[PDB]
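S.K.: Just dropping this structure here.
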Amino acid sequence: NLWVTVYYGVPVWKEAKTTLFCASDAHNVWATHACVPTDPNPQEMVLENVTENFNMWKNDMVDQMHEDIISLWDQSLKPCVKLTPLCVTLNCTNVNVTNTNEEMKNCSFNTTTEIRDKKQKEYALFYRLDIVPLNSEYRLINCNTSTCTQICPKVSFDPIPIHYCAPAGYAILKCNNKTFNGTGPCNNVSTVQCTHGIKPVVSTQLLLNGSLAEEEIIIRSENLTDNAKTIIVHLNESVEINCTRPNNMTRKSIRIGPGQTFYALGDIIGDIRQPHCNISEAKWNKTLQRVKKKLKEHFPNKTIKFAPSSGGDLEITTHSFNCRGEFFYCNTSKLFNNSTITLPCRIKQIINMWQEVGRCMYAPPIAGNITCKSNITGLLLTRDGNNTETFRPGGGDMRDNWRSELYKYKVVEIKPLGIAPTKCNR
Amino acid sequence: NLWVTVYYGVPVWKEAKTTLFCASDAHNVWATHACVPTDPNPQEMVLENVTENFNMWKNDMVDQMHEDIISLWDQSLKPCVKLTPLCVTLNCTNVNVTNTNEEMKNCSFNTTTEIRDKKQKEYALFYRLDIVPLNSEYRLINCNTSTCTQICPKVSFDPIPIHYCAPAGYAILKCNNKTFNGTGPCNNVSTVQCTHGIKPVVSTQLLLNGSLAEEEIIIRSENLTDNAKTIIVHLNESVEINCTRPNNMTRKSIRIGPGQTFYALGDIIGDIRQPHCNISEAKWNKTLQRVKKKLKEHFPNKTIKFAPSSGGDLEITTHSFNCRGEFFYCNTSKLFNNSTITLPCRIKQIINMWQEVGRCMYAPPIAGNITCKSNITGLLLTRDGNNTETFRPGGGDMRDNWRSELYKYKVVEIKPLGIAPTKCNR
Amino acid sequence: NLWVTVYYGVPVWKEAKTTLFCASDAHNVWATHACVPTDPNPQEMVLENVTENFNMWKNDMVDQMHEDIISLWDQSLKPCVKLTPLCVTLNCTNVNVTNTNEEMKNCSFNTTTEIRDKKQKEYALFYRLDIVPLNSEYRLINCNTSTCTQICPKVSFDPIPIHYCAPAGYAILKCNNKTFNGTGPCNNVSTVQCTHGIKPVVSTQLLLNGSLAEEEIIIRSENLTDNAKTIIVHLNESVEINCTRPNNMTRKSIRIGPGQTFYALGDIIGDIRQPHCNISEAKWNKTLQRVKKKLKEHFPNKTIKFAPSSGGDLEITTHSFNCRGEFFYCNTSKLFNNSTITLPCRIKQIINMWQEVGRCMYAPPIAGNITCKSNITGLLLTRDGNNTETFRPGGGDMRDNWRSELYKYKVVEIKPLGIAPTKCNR
Amino acid sequence: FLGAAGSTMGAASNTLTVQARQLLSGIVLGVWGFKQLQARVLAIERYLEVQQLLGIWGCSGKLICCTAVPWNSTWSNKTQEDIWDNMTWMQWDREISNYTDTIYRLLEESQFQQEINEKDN
Amino acid sequence: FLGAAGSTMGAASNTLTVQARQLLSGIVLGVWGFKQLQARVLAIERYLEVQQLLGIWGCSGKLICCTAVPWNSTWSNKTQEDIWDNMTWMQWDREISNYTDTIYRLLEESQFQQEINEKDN
Amino acid sequence: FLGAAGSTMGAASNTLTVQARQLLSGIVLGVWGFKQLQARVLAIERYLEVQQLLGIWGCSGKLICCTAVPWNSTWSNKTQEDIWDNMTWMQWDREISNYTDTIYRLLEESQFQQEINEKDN
Ligand SMILES: *[C@@H]1O[C@H](CO[C@@H]2O[C@H](CO)[C@@H](O)[C@H](O)[C@H]2NC(C)=O)[C@@H](O)[C@H](O)[C@H]1NC(C)=O
Ligand SMILES: *[C@@H]1O[C@H](CO[C@@H]2O[C@H](CO)[C@@H](O)[C@H](O)[C@H]2NC(C)=O)[C@@H](O)[C@H](O)[C@H]1NC(C)=O
Ligand SMILES: *[C@@H]1O[C@H](CO[C@@H]2O[C@H](CO)[C@@H](O)[C@H](O)[C@H]2NC(C)=O)[C@@H](O)[C@H](O)[C@H]1NC(C)=O
Ligand SMILES: *[C@@H]1O[C@H](CO)[C@@H](O)[C@H](O)[C@H]1NC(C)=O
Ligand SMILES: *[C@@H]1O[C@H](CO)[C@@H](O)[C@H](O)[C@H]1NC(C)=O
Ligand SMILES: *[C@@H]1O[C@H](CO)[C@@H](O)[C@H](O)[C@H]1NC(C)=O
Ligand SMILES: *[C@@H]1O[C@H](CO)[C@@H](O)[C@H](O)[C@H]1NC(C)=O
Ligand SMILES: *[C@@H]1O[C@H](CO)[C@@H](O)[C@H](O)[C@H]1NC(C)=O
Ligand SMILES: *[C@@H]1O[C@H](CO)[C@@H](O)[C@H](O)[C@H]1NC(C)=O
Ligand SMILES: *[C@@H]1O[C@H](CO)[C@@H](O)[C@H](O)[C@H]1NC(C)=O
Ligand SMILES: *[C@@H]1O[C@H](CO)[C@@H](O)[C@H](O)[C@H]1NC(C)=O
Ligand SMILES: *[C@@H]1O[C@H](CO)[C@@H](O)[C@H](O)[C@H]1NC(C)=O
Ligand SMILES: *[C@@H]1O[C@H](CO)[C@@H](O)[C@H](O)[C@H]1NC(C)=O
Ligand SMILES: *[C@@H]1O[C@H](CO)[C@@H](O)[C@H](O)[C@H]1NC(C)=O
Ligand SMILES: *[C@@H]1O[C@H](CO)[C@@H](O)[C@H](O)[C@H]1NC(C)=O
C-alpha cells in the first residue's frame, strides 16, 4: 500500500499577471532615486531538460512596463509650468535667410505676467510645425484640444536602463535559445529574478540603442497571413546612425506667471542649416539585403519590395526619436526608395507623444550643437493588401518598442505544495 | 482537580467599528471596476438558539457607507470640467410660449475660450432655479459661495447595487426576524460575509427602488417621544411611481477653455409641458390608510393627520430624486393634502446635494424624452410640537436613506481564543 | 566538547535610520487628529552597567522630524485660498499718525471677484515689509518668485507637544547623564518607546518654551575649531520673555475668487504703538555672565565678547518667532550690545519661513491685543574669523531647533537571534 | 465560523474547526484599493496576534491545548456538568471577562516556569 | 528555487530546501513606493497562505510529511519506480490537476478525523 | 525588551522572555496614516524574518535551542565560565560579528543533513 505525502517546495510554476517592481543600478524622468538598488551579482539558474511555451506578443510584462512608464512620465510632468497663458494670437514673420532651407517664425505676443498690468511684447521663435493659422495670425498647435506643461529643464529625459524584478514567490523565466522567434516552445531556459538591460528608448520604424539579436536575423509577427498586425525584425549587426542638429540657438528665459518661467528660442547665431541624420549606405544596403533574404526565407521564393509610409501623421511616417533634449522626425524615404546616406529631419517642439487625448509637452530648447550617435537594431515593418509583397515602416502602437526587448521573459508563480505517494505511515 | 485549557476558535464575537471593502457583481460614479468581483454563491449560516441586541440607528456601517460614497462622488468629480469662466453677467430674456406653463430663460454671455481674443456671444438656456438676479441681469446661483465641476456625460450616475463585505476575522450578523423594528433583541440570526442588495439610491421623503418590508409595516425612530429625531416607515407593498419629463431638448457642445467643453441646453423642439410624476391614487390611498393604522397601533387610539413641509429649502420640501441623468424636485402636497394623481415637478441643474459648503455640480442635459419608473417603498416622517399628531415628510440628513437598507446588519470581530476547564495534565 | 546554541531574544541592538510614527496626547497644523493616542503610562527601563556612543548633531530623528513637519505644514496649507488675483498694482499712501513711530500703508487695488464684471476698489492696509516699489506704486513682496496661500484662520498653528514613537523591533535609547554634551559616551542609559515633550517651536537665536538643562550649562558644537558649524547653548534657568503687540486691528473679510475669501487689515482703533519684547535685564545679565563663564571654561582663559549679526536677512539677524497668530522679528542688538530691557519688534505678514524656493504664506491678522509669555532656554551662537573670540546669534538652518530637544535620543533595531556555546546535543 | 455558538459549551468544543479554518479568508487609487489593502493588512495582523498569543503559551500550533495551572475558585464555583452541558461560550466569557487579563498573565508566567524546568538540560 | 525541476521526481524530492528557503526574500509617493509596498504585501500573503495550508494539515512546520489517507487508483495507476524516476513534478501535477481540490478536501477532513481521535483525552 | 543587557551572558540567558514577548506590539491620507501603515508593515516583516530564520534551523518555535554542530576554536578560545559570567551579549557579538554569516550557512546545511538523516524513513 501507498500513502499520499506533502512536500514543501517542489518545482512547479503557475501562470502570470502579477506586479513587478523597479530596480536601478548605480535625476531623470523615470525616477532612478525611487527604485531599490540592484544587487548586480549576475545570477541565473539553467533548467536542464525542460521545455515551455512562450507567447511573446501577448505578454503581461510589456503591458505593465508601458502602463507604468506612462504613469512615471505623466507624474513627473505634473508639477511643471503649464502653458495656458501662452496661447494669445501670435503676430509673426519670417526669419532672415542666406541659403535655400517656411520653417521658423519670429512670433510676438502679449503675456500676462504681473496681472492687470503692462504686458510685454516678448518676441520668440517658433517652428512652422508648432503653429496653425486661424485665417499674419497664428496660434500654438496644441491649444485647441489640450493644454500641456513644459518639461522642466532641470530633469533630463535621456534613457538609462531599468531592471524589472519580481517579488518573492515569483520568478521570471528567460529563454536563451538563439533562434527563438518569440512564440512557441524553446529549450535551455534559465530562471531570473531581475531582467537584463532593457532601456526605455522611445522610437519609431528604427529601434535605437536596442539589444542585438544573435547568430541570424529573426522575424516576429502575430500572424504572417494577417495584414493589420505589426512586424518586428531584429538585426544581425547594428547599423550606426549619426544624427546632428547643426545650429547654435539662444534660450530666452521669459516670465509668465509668478514663479512661471517659459523658455523659448531666442535667436540662431551663425548659418541656418537643416537638421539631418547620417547612415552608412553600404552598411545599410548589406543589412537590407540580408533582412530581405531572411524574409524571403519565410515566403515561397516571393519577390519582396519596400515602400515608404502611405498617409499617416508626422509621428508615424517618419523616424520619430528623442535626441539629447530635442525631438527629431526624419523622412526615411531615402533608405527604402564609402558614400553616406543623408536623411532630412525636421525638429518639433510641442509633441503629442504616445498619442493621448489630453496630453502634449513643450520641449525647452537645448543650447545648440547637439549630436546623437546610436545603433539601429530593429525594423518595424507592415504590409498592406498581385504576386509581390510590399513592406513599409509602420508604428502607431508604442508597446511594440518594449516588446522587442522583453521577448524573452515570462513571470511565473511558484506552487511549493506538492503531493505524491510513498510508503509512510503515522 | 481541573486544569484550564486553551481552544483555538470558540464562537465568541466582539463589537464593531472596523473597515469594510466593496464588492460589485457582473462605468459609473461608484467605481464598479474598482471593487473585487463578488463570488455570488449565496451562503449564510443560521445560528440556532441565539439572541443579541441590534441598535439600528447608531450603526457603524451606515456611517462608513455614507462617508465612503461621498469620497467616491467627490473623487470621480475631481477631473471633470470646472466652471469658473462661466460666471459672467447673463443678459437673458423669456422663451416663446403657447400654453400656460418664468421657468426658462435664453441667457447670453461672453466666454473666454482662446484667451485675449474674440469672445463668442454663445446663447444658452437656463432654468429659473439656477439663476439669481443681481439687480435684465442674472448670474449662476452657485457662483457666490462655491465653484463646481460639471459631471462628465461619459460617466453615468444611475445606481447599480453594491455589496459591502467584511475582511477576515470579521463577520456581519444579519437579523432575519420579520417583525424587527430596528432596535432591541431578535431571534433567528444568521451570519454573512457580504451584504445583500443595498443600491445607493439618493432620495427624499420617498425611498425609491428600496427593499420591501415583510408581513406588516414597521416603524423606526430614535425616540417616539422626541420630535427632532427622524422617523422611517417601510411599506407592506411598493407603490408604483412613474415620473416623466416630456420635452425634447438640444445639447449645445460649447467650448470654454482649451480642452474644456461645457454642455448647455440648446432649444426645446415641440410643445412646452411640465415635468410631472404619476402615482396610483387608489393604491396610495390604501397604503396611507394602512400606514396610519399601523402608526395608530403605536399610539393610544390617537387621531393622526398629515401635513406637508413647513419652511425648508427646495431640497427638503420636495421629493428630490435622481432620474436618468436629471434631478427632479416634486411638490408632494397633493398626496398628503382608476384615477391617477399627478405631481408637478421642477427640474434643477446646479444642485448642492448632500448639503456641503464648497460643493455643487452641473448636470448636463439629457437629450429629451426621459422617464423613470420606480417603486415607493419608504416614508420619511417627522412630527412637530393639542390632542392630535401631525406628520410631515422630512429629510435633511441623507444617512437615513442608507439606514433603511442596512437596518439588519452589524459587524463583529471573532475572538477565537477561548479558555475552559477540563481534566488535562502535561 | 561544546555545541553552538540559538537563543531567541538576547539583548543586542543594531544601528539606526528607520521610520517613526507620531503620537499625540489628549485642530492645528501638525494634525493631532491623525496620530494614534499615546498611552501615557510613563515607562522606561534603566540599563545598568552599559555604555554607548551618541553623536547628537548627526542624528536621524532630527532629519525625519524636520522633513516630516515640512510635509505636514505644506500639506495642511494645500487646500487654503491662494493669492494670485491679489497681486495688482497697489496705489497706497501713509496712515494717520500722532506720535513718532514708513511702517504701514493704506493700499488700494482692483480685485477680480465676479469675473468680467465691476471690480471693487477695496482698500486694505499692508506693512512696509510686505511691499516692494516698482518705481505711488507698490506690489506684494512675494509676487516675483512664488505665489503662496494664506493659512486659513480656522486652523491654529500654535505648538502643542508631539510624541515620536518607534514601531515594533525598534527602541529609542535615551541618555540620562546630566553633564552630557551631545556627543561621546555616557552612562545610565534607559530605553524608551515614545519620546518626551518635544514641542515643535520654530524660533531663531532664542529657543522658546524649550526643555531646560540640568545642573550646569552645556555647550554643543560640531567642531569648536571650525567656524561655519553652529553652536547651541542650553540654559541653567529659563529667562522669562514677555512680548506684546499693543494695537487693536480690524479684519476685513473681502472677496476675491468665488468661494475664496482674503483677510486684510482693516484699521487700527486707538493709539499707534510699536511691537516690543520685554526681558528682565538683571536676569539676562546674570544668565549672560554664567554662560560666558561656561564658555571660558572651554577656552584657555580667553576673553570673550558678544556682537550682533553682521549682514543677513530679516529672518536671520532678528529673533524671529511665532506668537499667537502673528510673526515677530526682534532686533536683539540690545541684549548683546529692577530695570527691564525692551526689544523693538517688527511684525511681518508674507513670510518665507524655512527658506524655500516656491513657498511663502500669508498670515491673517489676529483681532488685536496679543501677548506671548515664554521662556528663553537656548542660545544659537556662531563665531567668525586676534586674541579674542566674538560670538553672534545665528540661525539659517532650522534643523538645529529640533536638535536642541532630541539631543538624548537614538533609534536602534533589536537583533533577537543570538548564538552561543553550551553542552547540548540532539 | 460562529457555528454551535447557540449550542452548549461541550457541543461547541467539538465544532471548533470551522472558526480556526476560516480565519485567513472569507465564507467560502483611493477609490477602493486602499480600503481593501488596509482590510487585508488588518486581517493578517489579527491572525498573527492570535498566533503570537498561542506561541507564547504551550499551545503553539494546537487546536486543543492543556495547561498545568489550575485556576482559583473565586473566578467561578460552577459545577463542571452545568458549565459544559447547559451554557454557551458568550456570557461565560462575560462571567470571566473581569478576570481574563489575570489568567493571561498567569498563563505566560506558568509557561516560563515550565520552560526553565525543561531547560535544565 | 526552481532547481532540479528538470530532474526526476525522486531527485527533486532531495533538493526542495532552496524553494522553502527563498520564499520571504529574493535570489540572494506613487512613483515606485506603492509598487514595492503592494509587492511585499503580496509576498507575505503568499507565504502565509502556504503556512495556513500546511497548518490545517498534519504538516505544520515540516518540509517532509506523510498522511494517513491512501488515494484511490482512479487518479493514477502508474507504478512507483516509474513515477519517481521518469517524469517531473509538473507533468505529475498536470495529470493530477483535475483532482487537486478533491485531495485537499480529503486532506483537511482526514486531519479532523485524526485530531478528534487524538482528542479523546 | 533590552533588559539584562547590562548583566552577564548567563544572567541574560534567564530573562530573554520579554524580548520574545514584546516583538509584535510596543512597551505595554498622507498626513500620518501612511507613516504608521509602513511602520506596521515593517514590524510584521521583521517578525516574519525572525520566524523564517528560526524555522530553517532546528529551532522552530523554541526560545532555547541546541544544535549538533560544534564550532571551531578560531572564532573564540575563551573559557566557558569567563564567557558566561564576565561580559555581555554585545561585545560577544562584536567578537563574533566577523563570523556570523559563516555559522548561519553552517547552521542551515547542518539542518539539511539532520533532516535527510531523519528522512530515511
Ligand atoms: C554600436 O555598436 C557598438 C559596438 O561595440 C563596439 O565595438 C568596437 C569595435 O567593433 C569596440 O572597439 C568597442 O569597444 C565596442 N563598444 C563600444 C563602442 O561601446 C556597441 O558597443 C554600441 O551599442 C554602439 N556604439 C556606440 C553607440 O557608440
Ligand atoms: C416594483 O414592483 C415589482 C413587482 O415585481 C413584479 O411583479 C409582477 C407581478 O406582480 C411580475 O410579473 C414581475 O415579474 C415582477 N418583477 C419585475 C417587474 O421586475 C418589482 O419587481 C420591482 O421592484 C418594481 N418594478 C419595476 C421597477 O418595474
Ligand atoms: C517658565 O518657567 C516656569 C517655571 O515653573 C513655574 O515656577 C513657579 C515658581 O518658580 C511655580 O509657581 C509654577 O507652578 C511653575 N510652573 C508654571 C508657571 O507653569 C515653567 O513652568 C514654564 O516653562 C515657564 N512659565 C510660563 C511659560 O508661564
Ligand atoms: C505685426 O507685425 C507687423 C509687421 O509688419 C506689424 O506691421 C504689425 O503692427 C504687427 N502687429 C499687428 C497687430 O499686426
Ligand atoms: C498686444 O499689445 C500691443 C501693445 O503694443 C497691442 O498693440 C496689440 O494689439 C496687443 N495684441 C496684439 C494685437 O498683438
Ligand atoms: C550574420 O552575421 C554573420 C557575421 O559574419 C554572417 O556570417 C551571417 O551570414 C549573418 N547572417 C544573417 C542571417 O544575417
Ligand atoms: C553627415 O554626412 C555628410 C556627408 O556629406 C557630412 O557632410 C556631415 O558632416 C555629416 N554629419 C555629421 C557627421 O554630423
Ligand atoms: C440684452 O438683450 C437685450 C434685448 O432687448 C438687448 O437689447 C441688449 O443689447 C442685450 N445686451 C445688453 C447689454 O443689454
Ligand atoms: C459681451 O460682448 C459683447 C460683444 O457684442 C458686448 O457688446 C457686451 O457688452 C459684452 N458683455 C455684455 C454686457 O454682455
Ligand atoms: C400587508 O399585506 C397583506 C397582503 O394581503 C395584508 O393581508 C395585510 O393586512 C397587510 N398588512 C399591513 C400592516 O399592511
Ligand atoms: C401621467 O398621468 C396623466 C393622467 O392625465 C397622463 O395624461 C400622463 O400621460 C401620465 N404620464 C406618464 C404616463 O408619463
Ligand atoms: C492713488 O491715490 C492718489 C492719492 O492722491 C489719487 O490721487 C490717485 O488717483 C489714486 N490712483 C492713482 C491711479 O493714482
Ligand atoms: C482700478 O479701477 C479704478 C476704477 O476707478 C481705475 O480708475 C484704476 O485705474 C484701476 N487701476 C488702478 C490704476 O488702480
Ligand atoms: C546653575 O544654577 C544653580 C542654582 O543655584 C547654581 O548654584 C549654579 O552655580 C548654576 N551653574 C551654572 C553653570 O550656571
Ligand atoms: C514692557 O516693559 C515696559 C517698561 O517700560 C512696560 O511699559 C510695558 O508695559 C511692558 N510690556 C508688556 C508688559 O507687555
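Each chain of the C-alpha cells is named A, B, ... in the order shown, its residues numbered from 1; ligands are numbered from 1 in display order.
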List the spatial neighbours of residue 407 (chain A) as a PDB file with C-alpha atoms, in the first residue's frame - criterion: any atom at most 8 Å away, only C-alpha atoms, same-chain residues fewer than 2 positions off excluded.
M.R.:
```
ATOM      1  CA  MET A  56       5.773  36.909 -26.803  1.00  0.00           C
ATOM      2  CA  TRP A  57       3.349  39.431 -28.252  1.00  0.00           C
ATOM      3  CA  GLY A 182       9.013  34.987 -29.961  1.00  0.00           C
ATOM      4  CA  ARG A 403       8.176  44.089 -26.947  1.00  0.00           C
ATOM      5  CA  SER A 404      11.476  43.958 -28.832  1.00  0.00           C
ATOM      6  CA  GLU A 405      13.454  43.669 -25.581  1.00  0.00           C
ATOM      7  CA  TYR A 409      10.769  36.971 -20.287  1.00  0.00           C
TER       8      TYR A 409
END
```
S.K.: With 8 Å as the cut-off and only C-alpha atoms counted, what is the closest atom pair between each nearby residue of chain C and chain F? Distances in Å to one decimal, ordered by chain and number, as a Markdown table.
M.R.:
```
| residue | atom | partner | partner_atom | distance |
| --- | --- | --- | --- | --- |
| C:1 | CA | F:70 | CA | 7.6 |
| C:2 | CA | F:70 | CA | 5.9 |
| C:3 | CA | F:70 | CA | 4.2 |
| C:4 | CA | F:70 | CA | 5.8 |
| C:5 | CA | F:66 | CA | 4.6 |
| C:6 | CA | F:65 | CA | 5.2 |
| C:7 | CA | F:64 | CA | 5.3 |
| C:8 | CA | F:63 | CA | 5.1 |
| C:9 | CA | F:19 | CA | 5.0 |
| C:10 | CA | F:16 | CA | 6.0 |
| C:11 | CA | F:2 | CA | 4.9 |
| C:12 | CA | F:90 | CA | 5.5 |
| C:13 | CA | F:90 | CA | 7.9 |
| C:19 | CA | F:39 | CA | 6.5 |
| C:20 | CA | F:39 | CA | 7.1 |
| C:21 | CA | F:36 | CA | 5.5 |
| C:22 | CA | F:32 | CA | 7.1 |
| C:31 | CA | F:31 | CA | 7.3 |
| C:34 | CA | F:32 | CA | 5.8 |
| C:35 | CA | F:32 | CA | 6.2 |
| C:43 | CA | F:27 | CA | 7.9 |
| C:45 | CA | F:3 | CA | 7.4 |
| C:47 | CA | F:6 | CA | 6.0 |
| C:48 | CA | F:6 | CA | 5.4 |
| C:49 | CA | F:6 | CA | 4.9 |
| C:50 | CA | F:6 | CA | 5.4 |
| C:71 | CA | F:31 | CA | 7.7 |
| C:72 | CA | F:31 | CA | 6.3 |
| C:75 | CA | F:31 | CA | 7.6 |
| C:167 | CA | F:39 | CA | 5.8 |
| C:168 | CA | F:43 | CA | 5.2 |
| C:169 | CA | F:23 | CA | 5.8 |
| C:191 | CA | F:2 | CA | 7.6 |
| C:193 | CA | F:27 | CA | 6.4 |
| C:416 | CA | F:19 | CA | 7.2 |
| C:417 | CA | F:50 | CA | 7.6 |
| C:424 | CA | F:66 | CA | 5.5 |
| C:425 | CA | F:68 | CA | 5.8 |
| C:426 | CA | F:68 | CA | 6.1 |
```
S.K.: Could you check which of B:125, B:361, B:46, B:148 is closest to chain C, using only C-alpha atoms?
M.R.: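 Looking at the shortest contact to chain C, the residue is B:148.
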S.K.: Check which residues fall inside 9 Å of ligand 7 when counting only C-alpha atoms and all ligand atoms, and print them as a list in words.
M.R.: residues 242, 243, 244, 245, 246, 276, 277, 278, 279, 339, 340, 341, 342, 343, 371, 372 and 373 of chain A
S.K.: Find the residue from B:230, B:387, B:113, B:156 that sits nearest to chain A; use only C-alpha atoms when measuring.
M.R.: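 Using only C-alpha atoms, chain A sits closest to B:113.
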S.K.: Write as a list in words the residues around ligand 1, taking 7 Å as the cut-off and counting only C-alpha atoms and all ligand atoms.
M.R.: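 Listed by chain and ascending number, the contacts are residues 209, 238, 240, 373, 374 and 375 of chain A.
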S.K.: Could you turn the residues from that selection into a file that holds N, CA, C and O atoms, as a PDB file, in the first residue's frame?
M.R.:
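Result written to result-v7.pdb:
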```pdb
ATOM      1  N   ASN A 209      19.535  52.009 -30.027  1.00  0.00           N
ATOM      2  CA  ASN A 209      20.231  51.577 -28.814  1.00  0.00           C
ATOM      3  C   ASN A 209      19.591  50.321 -28.231  1.00  0.00           C
ATOM      4  O   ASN A 209      19.558  50.130 -27.016  1.00  0.00           O
ATOM      5  N   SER A 238      24.286  45.788 -35.659  1.00  0.00           N
ATOM      6  CA  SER A 238      23.814  47.157 -35.550  1.00  0.00           C
ATOM      7  C   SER A 238      24.288  47.989 -36.733  1.00  0.00           C
ATOM      8  O   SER A 238      25.415  47.841 -37.213  1.00  0.00           O
ATOM      9  N   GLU A 240      25.144  51.745 -37.637  1.00  0.00           N
ATOM     10  CA  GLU A 240      25.414  53.003 -36.957  1.00  0.00           C
ATOM     11  C   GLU A 240      24.636  54.138 -37.606  1.00  0.00           C
ATOM     12  O   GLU A 240      24.547  54.229 -38.831  1.00  0.00           O
ATOM     13  N   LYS A 373      24.621  59.768 -31.523  1.00  0.00           N
ATOM     14  CA  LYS A 373      25.191  58.603 -32.185  1.00  0.00           C
ATOM     15  C   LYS A 373      24.558  57.366 -31.569  1.00  0.00           C
ATOM     16  O   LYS A 373      24.631  57.174 -30.353  1.00  0.00           O
ATOM     17  N   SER A 374      23.943  56.533 -32.400  1.00  0.00           N
ATOM     18  CA  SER A 374      23.210  55.386 -31.886  1.00  0.00           C
ATOM     19  C   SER A 374      23.294  54.246 -32.884  1.00  0.00           C
ATOM     20  O   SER A 374      23.879  54.380 -33.960  1.00  0.00           O
ATOM     21  N   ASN A 375      22.721  53.109 -32.506  1.00  0.00           N
ATOM     22  CA  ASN A 375      22.727  51.924 -33.350  1.00  0.00           C
ATOM     23  C   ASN A 375      21.306  51.505 -33.688  1.00  0.00           C
ATOM     24  O   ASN A 375      20.500  51.229 -32.798  1.00  0.00           O
TER      25      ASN A 375
END
```
S.K.: Find the residues near ligand 12. Use a cut-off of 10 Å, count only C-alpha atoms and all ligand atoms, and write them as a list in words.
M.R.: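 Residues lying within 10 Å of ligand 12: residues 89, 90, 91, 92, 93, 106, 107, 108, 109, 136 and 137 of chain C.
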S.K.: In terms of the shortest atom-to-atom distance over only C-alpha atoms, which of B:223, B:211, B:101, B:261 is closest to chain A?
M.R.: B:261
S.K.: Go through region 27-137 of chain C and collect every residue that DSSP, computed from the backbone, puts in alpha helix (DSSP H); the answer should be as a compact mmCIF listing (two decimals) with C-alpha atoms, in the first residue's frame.
M.R.:
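This is the output file part20.txt:
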```txt
# COMPACT_ATOMS: atom_id res chain seq x y z
CA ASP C 60 18.43 60.53 12.09
CA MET C 61 15.45 61.56 14.21
CA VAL C 62 16.16 65.26 13.71
CA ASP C 63 16.13 64.90 9.93
CA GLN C 64 13.00 62.73 9.98
CA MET C 65 11.11 65.18 12.20
CA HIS C 66 12.11 68.23 10.16
CA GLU C 67 11.35 66.61 6.79
CA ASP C 68 8.04 65.48 8.29
CA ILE C 69 6.94 68.80 9.77
CA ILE C 70 7.60 70.27 6.33
CA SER C 71 5.32 67.60 4.85
CA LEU C 72 2.64 68.47 7.43
CA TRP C 73 2.74 72.25 7.03
CA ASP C 74 2.94 72.07 3.23
CA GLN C 75 0.02 69.61 3.16
CA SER C 76 -2.32 71.40 5.54
```
S.K.: Could you give me the residues within 7 Å of ligand 6, counting only C-alpha atoms and all ligand atoms, as a PyMOL selection string?
M.R.: chain A and resi 215-217+236-237+290-291+294
S.K.: Which residues come within 6 Å of residue 130 (chain C), counting only C-alpha atoms, excluding same-chain residues fewer than 3 positions away, as number ranges by chain?
M.R.: C: 127, 140-141
S.K.: Kindly export the residues of the current selection with C-alpha atoms, as a compact mmCIF listing (two decimals), in the first residue's frame.
M.R.:
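Listing of part.txt after writing:
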```txt
# COMPACT_ATOMS: atom_id res chain seq x y z
CA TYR C 127 3.12 96.65 6.36
CA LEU C 140 3.37 92.27 -2.77
CA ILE C 141 6.95 91.27 -1.98
```
S.K.: What are the DSSP strand (DSSP E or B) residues of region 272-368 of chain A, as a list in words?
M.R.: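 Secondary structure check on region 272-368 of chain A, strand (DSSP E or B): residues 276, 277, 278, 279, 280, 304, 305, 306, 319, 320, 321, 322, 327, 328, 329, 330, 340, 341, 342, 343, 344, 345, 346, 347, 348, 350, 351, 361 and 362 of chain A.
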